[PDB]
>>> print(open('upload-v2.cif').read())   # mmCIF, C-alpha atoms and all ligand atoms
data_final
loop_
_atom_site.group_PDB
_atom_site.id
_atom_site.type_symbol
_atom_site.label_atom_id
_atom_site.label_comp_id
_atom_site.auth_asym_id
_atom_site.auth_seq_id
_atom_site.Cartn_x
_atom_site.Cartn_y
_atom_site.Cartn_z
ATOM 1 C CA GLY A 219 5.321 51.568 -17.500
ATOM 2 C CA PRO A 220 7.572 49.139 -15.618
ATOM 3 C CA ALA A 221 5.297 46.199 -14.908
ATOM 4 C CA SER A 222 4.292 45.246 -18.429
ATOM 5 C CA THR A 223 4.965 42.571 -21.020
ATOM 6 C CA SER A 224 8.420 43.210 -22.426
ATOM 7 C CA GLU A 225 8.440 42.029 -26.022
ATOM 8 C CA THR A 226 11.604 40.609 -27.539
ATOM 9 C CA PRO A 227 12.100 41.192 -31.272
ATOM 10 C CA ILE A 228 15.181 40.410 -33.326
ATOM 11 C CA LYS A 229 18.247 41.333 -31.306
ATOM 12 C CA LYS A 230 21.056 39.331 -32.864
ATOM 13 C CA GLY A 231 24.555 39.694 -31.466
ATOM 14 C CA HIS A 232 26.984 37.568 -29.490
ATOM 15 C CA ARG A 233 25.885 35.590 -26.456
ATOM 16 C CA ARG A 234 28.290 33.273 -24.674
ATOM 17 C CA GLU A 235 26.950 29.763 -24.219
ATOM 18 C CA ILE A 236 27.737 26.926 -21.841
ATOM 19 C CA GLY A 237 28.309 23.299 -22.759
ATOM 20 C CA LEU A 238 29.305 21.417 -19.629
ATOM 21 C CA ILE A 239 31.032 18.123 -20.333
ATOM 22 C CA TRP A 240 30.915 15.244 -17.880
ATOM 23 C CA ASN A 241 34.363 13.682 -17.881
ATOM 24 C CA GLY A 242 35.898 11.877 -14.929
ATOM 25 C CA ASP A 243 35.263 13.483 -11.561
ATOM 26 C CA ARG A 244 35.246 16.961 -13.053
ATOM 27 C CA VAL A 245 33.319 19.002 -15.592
ATOM 28 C CA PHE A 246 34.440 21.218 -18.449
ATOM 29 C CA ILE A 247 32.753 24.370 -19.692
ATOM 30 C CA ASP A 248 32.809 25.120 -23.401
ATOM 31 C CA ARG A 249 32.750 28.646 -24.774
ATOM 32 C CA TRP A 250 31.211 29.705 -28.066
ATOM 33 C CA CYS A 251 28.575 31.927 -29.657
ATOM 34 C CA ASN A 252 25.036 30.792 -30.407
ATOM 35 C CA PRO A 253 25.485 33.442 -31.026
ATOM 36 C CA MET A 254 21.916 34.432 -30.246
ATOM 37 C CA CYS A 255 19.682 33.935 -33.276
ATOM 38 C CA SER A 256 19.826 30.293 -32.228
ATOM 39 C CA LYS A 257 17.984 29.102 -29.144
ATOM 40 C CA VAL A 258 20.711 28.427 -26.608
ATOM 41 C CA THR A 259 20.732 24.826 -25.441
ATOM 42 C CA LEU A 260 22.236 23.408 -22.270
ATOM 43 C CA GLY A 261 25.213 21.795 -23.962
ATOM 44 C CA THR A 262 27.759 22.316 -26.714
ATOM 45 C CA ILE A 263 25.943 23.222 -29.909
ATOM 46 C CA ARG A 264 26.795 25.302 -32.955
ATOM 47 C CA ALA A 265 23.867 26.894 -34.752
ATOM 48 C CA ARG A 266 24.223 28.352 -38.226
ATOM 49 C CA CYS A 267 22.828 31.871 -38.285
ATOM 50 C CA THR A 268 20.363 32.377 -41.114
ATOM 51 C CA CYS A 269 20.328 36.160 -41.021
ATOM 52 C CA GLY A 270 23.786 36.256 -42.556
ATOM 53 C CA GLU A 271 24.846 39.294 -40.562
ATOM 54 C CA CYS A 272 26.117 37.495 -37.485
ATOM 55 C CA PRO A 273 28.041 36.261 -35.940
ATOM 56 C CA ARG A 274 30.321 38.546 -37.918
ATOM 57 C CA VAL A 275 33.080 38.742 -35.333
ATOM 58 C CA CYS A 276 33.861 39.248 -31.664
ATOM 59 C CA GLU A 277 36.497 38.455 -29.066
ATOM 60 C CA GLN A 278 36.517 34.854 -30.231
ATOM 61 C CA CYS A 279 35.770 34.773 -33.942
ATOM 62 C CA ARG A 280 37.904 37.815 -34.661
ATOM 63 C CA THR A 281 40.932 35.907 -33.429
ATOM 64 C CA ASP A 282 39.802 32.752 -35.186
ATOM 65 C CA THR A 283 41.414 32.175 -38.562
ATOM 66 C CA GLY A 284 38.418 30.718 -40.360
ATOM 67 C CA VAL A 285 36.776 34.003 -39.442
ATOM 68 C CA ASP A 286 38.374 35.258 -42.635
ATOM 69 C CA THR A 287 35.973 32.992 -44.487
ATOM 70 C CA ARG A 288 33.289 33.024 -41.819
ATOM 71 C CA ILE A 289 30.021 31.731 -43.225
ATOM 72 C CA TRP A 290 27.221 33.714 -41.629
ATOM 73 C CA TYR A 291 25.027 31.793 -44.042
ATOM 74 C CA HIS A 292 23.551 28.457 -43.035
ATOM 75 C CA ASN A 293 24.167 27.153 -46.534
ATOM 76 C CA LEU A 294 27.462 25.404 -45.895
ATOM 77 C CA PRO A 295 27.245 21.651 -45.269
ATOM 78 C CA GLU A 296 29.116 20.951 -42.054
ATOM 79 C CA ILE A 297 32.339 21.845 -40.282
ATOM 80 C CA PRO A 298 35.092 19.360 -41.153
ATOM 81 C CA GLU A 299 37.514 21.866 -39.675
HETATM 82 ZN ZN ZN B 1 22.739 35.922 -36.632
HETATM 83 ZN ZN ZN B 2 31.425 35.619 -31.849
#
>>> encode(input="upload-v2.cif", output="structure tokens")
Amino acid sequence: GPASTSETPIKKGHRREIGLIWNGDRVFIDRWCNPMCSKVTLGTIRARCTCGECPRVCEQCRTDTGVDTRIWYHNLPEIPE
């Protein structure tokens, strides 16, 4: 029924995050994709999906150039770019 434990299996995708940045007398919000497979953390953080099927693209990566060589694999070293 309604009132009942609602499991939560694998549901990859694209989930906007929030990485507030304390600078001056104002704050700045950062946009990106965990996308989801990675536990969202209060603050700018880029997790490397292990599935290798996402993030594949969206309204942020699609536009991105590196998206052409997007590494859905968490094999790469870092991101010097
Ligand atoms: Zn993923
Ligand atoms: Zn995305």
>>> residues_near_point(input="upload-v2.cif", point="(28.5, 38.3, -41.3)", cutoff="9 Å", atoms="only C-alpha atoms", output="PyMOL selection string")
chain A and resi 269-275+288-291
>>> atom_distance(input="upload-v2.cif", atom1="atom CA of residue 230 of chain A", atom2="atom CA of residue 251 of chain A")
11.0 Å
>>> resolve_selection(input="upload-v2.cif", expression="the PyMOL selection byres (((chain A and resi 252) around 9) and not hetatm)", output="PyMOL selection string")
chain A and resi 231-235+250-251+253-259+263-267+273
>>> atom_distance(input="upload-v2.cif", atom1="atom CA of residue 292 of chain A", atom2="atom CA of residue 226 of chain A")
23.0 Å
>>> axis_aligned_box(input="upload-v2.cif", around="segment 250-263 of chain A", padding_each_side="4 Å", output="AutoDock Vina command-line options")
--center_x 24.6 --center_y 28.1 --center_z -27.8 --size_x 21.2 --size_y 20.6 --size_z 19.0
>>> atom_distance(input="upload-v2.cif", atom1="atom CA of residue 225 of chain A", atom2="atom CA of residue 260 of chain A")
23.5 Å
>>> residues_around(input="upload-v2.cif", residues="segment 236-244 of chain A", least_positions_apart="4", cutoff="6 Å", atoms="all atoms listed in the file", output="PyMOL selection string")
chain A and resi 248+261-262
>>> write_last_selection(input="upload-v2.cif", atoms="C-alpha atoms", output="mmCIF file, in the coordinates of the input")
data_model
loop_
_atom_site.group_PDB
_atom_site.id
_atom_site.type_symbol
_atom_site.label_atom_id
_atom_site.label_comp_id
_atom_site.auth_asym_id
_atom_site.auth_seq_id
_atom_site.Cartn_x
_atom_site.Cartn_y
_atom_site.Cartn_z
ATOM 1 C CA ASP A 248 32.809 25.120 -23.401
ATOM 2 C CA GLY A 261 25.213 21.795 -23.962
ATOM 3 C CA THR A 262 27.759 22.316 -26.714
#
>>> closest_residue(input="upload-v2.cif", among="A:299, A:219, A:229, A:293", to="ligand ZN 1 (chain B)", atoms="all atoms listed in the file")
A:229
>>> closest_residue(input="upload-v2.cif", among="A:285, A:276, A:297, A:245", to="ligand ZN 2 (chain B)", atoms="only C-alpha atoms and all ligand atoms")
A:276
>>> closest_residue(input="upload-v2.cif", among="A:247, A:268, A:222, A:279", to="ligand ZN 1 (chain B)", atoms="all atoms listed in the file")
A:268
>>> build_atoms(input="upload-v2.cif", residues="segment 270-294 of chain A", atoms="N, CA, C and O atoms", output="JSON list (two decimals), in the frame of the given file")
[["chain", "number", "residue", "atom", "x", "y", "z"],
["A", 270, "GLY", "N", 22.64, 36.05, -41.68],
["A", 270, "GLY", "CA", 23.79, 36.26, -42.56],
["A", 270, "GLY", "C", 24.50, 37.57, -42.22],
["A", 270, "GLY", "O", 25.25, 38.10, -43.04],
["A", 271, "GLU", "N", 24.24, 38.06, -41.02],
["A", 271, "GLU", "CA", 24.85, 39.29, -40.56],
["A", 271, "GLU", "C", 25.54, 39.08, -39.22],
["A", 271, "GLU", "O", 26.10, 40.02, -38.65],
["A", 272, "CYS", "N", 25.50, 37.84, -38.75],
["A", 272, "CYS", "CA", 26.12, 37.49, -37.48],
["A", 272, "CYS", "C", 26.03, 35.98, -37.31],
["A", 272, "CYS", "O", 25.13, 35.34, -37.84],
["A", 273, "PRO", "N", 27.01, 35.43, -36.54],
["A", 273, "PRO", "CA", 28.04, 36.26, -35.94],
["A", 273, "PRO", "C", 29.07, 36.70, -36.99],
["A", 273, "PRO", "O", 29.55, 35.88, -37.77],
["A", 274, "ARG", "N", 29.36, 37.99, -36.98],
["A", 274, "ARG", "CA", 30.32, 38.55, -37.92],
["A", 274, "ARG", "C", 31.73, 38.50, -37.33],
["A", 274, "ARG", "O", 32.70, 38.25, -38.04],
["A", 275, "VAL", "N", 31.80, 38.75, -36.03],
["A", 275, "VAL", "CA", 33.08, 38.74, -35.33],
["A", 275, "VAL", "C", 32.85, 39.07, -33.86],
["A", 275, "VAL", "O", 31.74, 39.41, -33.46],
["A", 276, "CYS", "N", 33.93, 38.96, -33.09],
["A", 276, "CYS", "CA", 33.86, 39.25, -31.66],
["A", 276, "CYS", "C", 35.25, 39.01, -31.06],
["A", 276, "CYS", "O", 36.26, 39.10, -31.76],
["A", 277, "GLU", "N", 35.25, 38.71, -29.77],
["A", 277, "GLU", "CA", 36.50, 38.46, -29.07],
["A", 277, "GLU", "C", 36.82, 36.96, -29.08],
["A", 277, "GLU", "O", 37.53, 36.47, -28.21],
["A", 278, "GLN", "N", 36.29, 36.28, -30.09],
["A", 278, "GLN", "CA", 36.52, 34.85, -30.23],
["A", 278, "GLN", "C", 36.66, 34.48, -31.71],
["A", 278, "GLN", "O", 37.55, 33.72, -32.08],
["A", 279, "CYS", "N", 35.76, 35.04, -32.51],
["A", 279, "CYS", "CA", 35.77, 34.77, -33.94],
["A", 279, "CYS", "C", 36.86, 35.63, -34.58],
["A", 279, "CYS", "O", 37.61, 35.16, -35.43],
["A", 280, "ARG", "N", 36.92, 36.88, -34.14],
["A", 280, "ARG", "CA", 37.90, 37.82, -34.66],
["A", 280, "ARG", "C", 39.29, 37.16, -34.68],
["A", 280, "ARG", "O", 39.99, 37.21, -35.69],
["A", 281, "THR", "N", 39.64, 36.57, -33.55],
["A", 281, "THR", "CA", 40.93, 35.91, -33.43],
["A", 281, "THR", "C", 40.99, 34.68, -34.34],
["A", 281, "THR", "O", 42.01, 34.43, -34.98],
["A", 282, "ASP", "N", 39.89, 33.95, -34.36],
["A", 282, "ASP", "CA", 39.80, 32.75, -35.19],
["A", 282, "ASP", "C", 40.33, 33.06, -36.59],
["A", 282, "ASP", "O", 40.25, 34.20, -37.05],
["A", 283, "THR", "N", 40.87, 32.03, -37.22],
["A", 283, "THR", "CA", 41.41, 32.17, -38.56],
["A", 283, "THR", "C", 40.31, 32.03, -39.61],
["A", 283, "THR", "O", 40.20, 32.85, -40.52],
["A", 284, "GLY", "N", 39.51, 30.98, -39.44],
["A", 284, "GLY", "CA", 38.42, 30.72, -40.36],
["A", 284, "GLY", "C", 37.48, 31.93, -40.46],
["A", 284, "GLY", "O", 36.70, 32.03, -41.40],
["A", 285, "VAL", "N", 37.60, 32.81, -39.48],
["A", 285, "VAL", "CA", 36.78, 34.00, -39.44],
["A", 285, "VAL", "C", 36.92, 34.76, -40.76],
["A", 285, "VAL", "O", 36.00, 35.45, -41.20],
["A", 286, "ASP", "N", 38.09, 34.60, -41.37],
["A", 286, "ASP", "CA", 38.37, 35.26, -42.64],
["A", 286, "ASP", "C", 37.35, 34.81, -43.68],
["A", 286, "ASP", "O", 36.95, 35.59, -44.54],
["A", 287, "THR", "N", 36.95, 33.55, -43.56],
["A", 287, "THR", "CA", 35.97, 32.99, -44.49],
["A", 287, "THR", "C", 34.69, 32.61, -43.74],
["A", 287, "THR", "O", 33.96, 31.72, -44.18],
["A", 288, "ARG", "N", 34.47, 33.29, -42.63],
["A", 288, "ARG", "CA", 33.29, 33.02, -41.82],
["A", 288, "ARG", "C", 32.04, 32.95, -42.70],
["A", 288, "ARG", "O", 31.84, 33.81, -43.56],
["A", 289, "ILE", "N", 31.24, 31.93, -42.46],
["A", 289, "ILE", "CA", 30.02, 31.73, -43.22],
["A", 289, "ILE", "C", 28.81, 32.04, -42.34],
["A", 289, "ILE", "O", 28.33, 31.17, -41.62],
["A", 290, "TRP", "N", 28.36, 33.28, -42.42],
["A", 290, "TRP", "CA", 27.22, 33.71, -41.63],
["A", 290, "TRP", "C", 25.97, 33.04, -42.20],
["A", 290, "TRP", "O", 24.92, 33.04, -41.56],
["A", 291, "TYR", "N", 26.13, 32.47, -43.38],
["A", 291, "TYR", "CA", 25.03, 31.79, -44.04],
["A", 291, "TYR", "C", 24.97, 30.32, -43.64],
["A", 291, "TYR", "O", 26.01, 29.66, -43.54],
["A", 292, "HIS", "N", 23.76, 29.84, -43.42],
["A", 292, "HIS", "CA", 23.55, 28.46, -43.04],
["A", 292, "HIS", "C", 23.39, 27.59, -44.29],
["A", 292, "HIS", "O", 22.55, 26.69, -44.32],
["A", 293, "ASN", "N", 24.21, 27.89, -45.28],
["A", 293, "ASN", "CA", 24.17, 27.15, -46.53],
["A", 293, "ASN", "C", 25.20, 26.03, -46.49],
["A", 293, "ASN", "O", 24.92, 24.90, -46.90],
["A", 294, "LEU", "N", 26.38, 26.37, -46.00],
["A", 294, "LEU", "CA", 27.46, 25.40, -45.90],
["A", 294, "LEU", "C", 26.90, 24.07, -45.39],
["A", 294, "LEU", "O", 25.85, 24.04, -44.76]]
